[PDB]
Each structure stands twice: as C-alpha cells, then as structure tokens.
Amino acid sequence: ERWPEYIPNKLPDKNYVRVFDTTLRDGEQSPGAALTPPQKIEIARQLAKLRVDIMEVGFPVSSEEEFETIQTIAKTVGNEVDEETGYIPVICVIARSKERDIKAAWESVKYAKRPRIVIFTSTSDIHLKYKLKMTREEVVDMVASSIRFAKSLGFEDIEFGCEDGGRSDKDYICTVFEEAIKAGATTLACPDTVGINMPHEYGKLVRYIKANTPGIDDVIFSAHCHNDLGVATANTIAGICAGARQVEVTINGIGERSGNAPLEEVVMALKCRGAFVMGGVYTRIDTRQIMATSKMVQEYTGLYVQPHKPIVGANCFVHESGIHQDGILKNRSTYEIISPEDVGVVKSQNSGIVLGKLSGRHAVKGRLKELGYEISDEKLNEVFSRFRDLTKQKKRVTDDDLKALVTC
C-alpha cells in the first residue's frame, strides 16, 4: 500500500513496470491538440491522481509560455506528496541533445522533488542522412556530451532515447546506449518513432539491445511505441515481455500522426493479463481514475475518441446484438472481461442493453420488465414483431418507443 522509494535506475522487484505518461508532451504534439497553461496544469494534477510514476509535461526550450507552465507544475504538482502513501510523481521534461534545450530543462524542472530530463537524438541512417546531416561518430559524441552536460547542471535522473530507433541498426543502438550509460543515463528508451515495427520485431529488438549492451542491466529500459500500423499497444507489451520496465503512453493514445500507445490500454492489459500470461508484471496506476482522466484530456485537447475506442469508448460496455445481449443478461462475464467500476465508468442505467435492428427477444423482454410490464410469451412475440418493424424507421428504440408499442 505504501509507495516504494524512488531510485532512478532501480526498481523494487522484477515485475514493477513504471508508467511514463507523455500526454502533456508527445500527446500535445497531435495536430489540433495544443493546450493552454491552466489546462496543462489541471491535467498534470489529474495524472498525479491517476498515480503515473512519471509525467513528461512539456518541452521547455519551445517557448516562454511552455517554460513558465512547466515551472508552475514543478513547483506545485511536483512537490505535492500523498500523505498516507508517500506517492510523488516524477516530473520530466524533454530536450534535444543541445545545451540550450538542456539548460531550459534544468531551469524549468529543478523545483520538482523528482526532476527528470529526457534527451533524445536520432540514430537511424535516414535521420542522420536527411535530418541531422551528421555521421555516426558525431552523433555518439553529441549524445555523450549532452548527457554529461545535463549531469553537470544538476540532473541525476536522466533518460536517453534514440529517436527512430525502430529503423536503426541494432548494434549502433548498443554503441550509443553504452556511451549514454557511461555518461550518466539512468533510463534508456528505444522509440519506434515512425510506427513501423511489428510486435515480434520490436520485442526482438529490445531483447537484443538488453543482451548486447554493456552496463544495461543497471539502468531501466523503456518502450516508446507509435501507432502508425495499429500496433502501438502490442509493441509496448512485446517490449515489456522482452524486458522493458518503463512504458511511455498517452491518455487516449493521442500523439503524432496516429498517436502513441494508449495508457488505459497498456495499463488494463497488464491489469487483466499480467499475472496470467505475462509473469506477474504490474503497474500501480489507480485505474478508477482512467475515465476522469480520459474525459478531461478529450475536452481540453478537443480530440474526441471514437465510439469503439478501447476502455474509454462509449460502446465498450454496451450491447445491441441479440445473442450478445442475451448472454450479458445471463452472466456479464459471457461478453465483458473488465468491470467498468475498475476504470471509472459509472454503471449502466439499463445494464448496457440498447435496442436496435439486431436486438433479440431476451433484450426486449428484459427492458419491458424494467419498465413494469408482465407480458406473456405470446404477447412478447407480437410486441417483438412490431419492434422489428419500428427499427426500419428509427435507429434507436427508446423506452418511450417501447411503451407505445405495448400501449398502442
């Protein structure tokens, strides 16, 4: 019940998975998702209520307003200790491997009790050729010296990520990571920045890096996956199975292009399946805060999730097809694997049964009973026939529609 002590490069046991939320950074990079300072601050406070281990709250060098907003979060959310449990979020900020960015990071985040910096540098041939116009040797010197610089400013909690790692040569990643560790990194991330990897391929990559990098046993490996081919969550899981013990996620999966790995999906996969098919890995997210966090982020960024969005979509605990309605009414475990209380979803007024074209007699019978009707089996068949006629005219049959079928 009490929170483990925080050591940047070590975890209390072999199953703890740190949840690193970057809704306020990678998530805000989604087109149309820019947030005002009060919105970022309210979201950060709610991410602490969700009990994320780390929240990455912005990019200090980007602007005065970003710099000042981070300071405010570092001074407030970053110093608020949960009295009973001692939970304190890590406040993280991102920087390119440049002195200007890194100085902006220290000066904005140093007020937090647990400040962290992420320094990122591209390692892929494509980025080195077209983006940075640097050689592999130059990139290694820049990674190491930027990390030494962050350490000289006062950082002890330093994360390094090889941008576009998913398209980087696996042995060059180990070389960079090895120098990153020697220079002071306590967490290493290998992001699939462009969302190209398949889960077995990403897991294979993580496993290889952890087998072939000197010193890497004594730092935390972090998965950071993007969703361009629809597998960000599974890539994250595969990273965990390959030995990653931090995962970087956003609320609702917002982020660049097709987004990041959704927090609520990675966290609920571990919650449902971690003990059974994943060797006992777990997080300490308070999953009952998921829906409140999802709703706040949707309203502030303006990116609303589709009806079939996992965990927090409108349709996740709703059933319209007769055979599924019938099973749910017999026992909800027939077609639901999660209890909605666990993710903050208020319980269905109607048990999640909605009536439409494809509904069955058990559903219709069930609803009529709720509305106070004691109808015989023959009368049910007559009402159901008229209910079917009605679904050609209207898409959703309301309680009042149902009452008129009986009454009229």
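Note that residue numbering begins at 1 and tracks the sequence as displayed.
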Looking only at CA atoms, which has the higher mean B factor in the entry: 379 to 387 or 46 to 54? 379 to 387
Please compare 148 to 156 with 195 to 203 and say which has the higher mean C-alpha temperature factor in the record. 148 to 156
If I read the C-alpha B-factors straight from the PDB entry, which of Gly86, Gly239, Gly230, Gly327 is highest? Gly86
Go through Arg257, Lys133, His319, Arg288 one by one and give the residue whose Cα B-factor in the PDB entry is largest. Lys133
Mind checking which third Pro340 falls in for C-alpha B-factor across the chain? highest
Chain-relative CA temperature factor third for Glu68: middle
Taking the values exactly as deposited, rank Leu128 by C-alpha B-factor within its chain and report the matching third: lowest, middle or highest. middle
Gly366 - Cα temperature factor, lowest/middle/highest third of chain: middle
Quick tally, chain-level thirds of C-alpha B-factors: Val354 sits in the middle
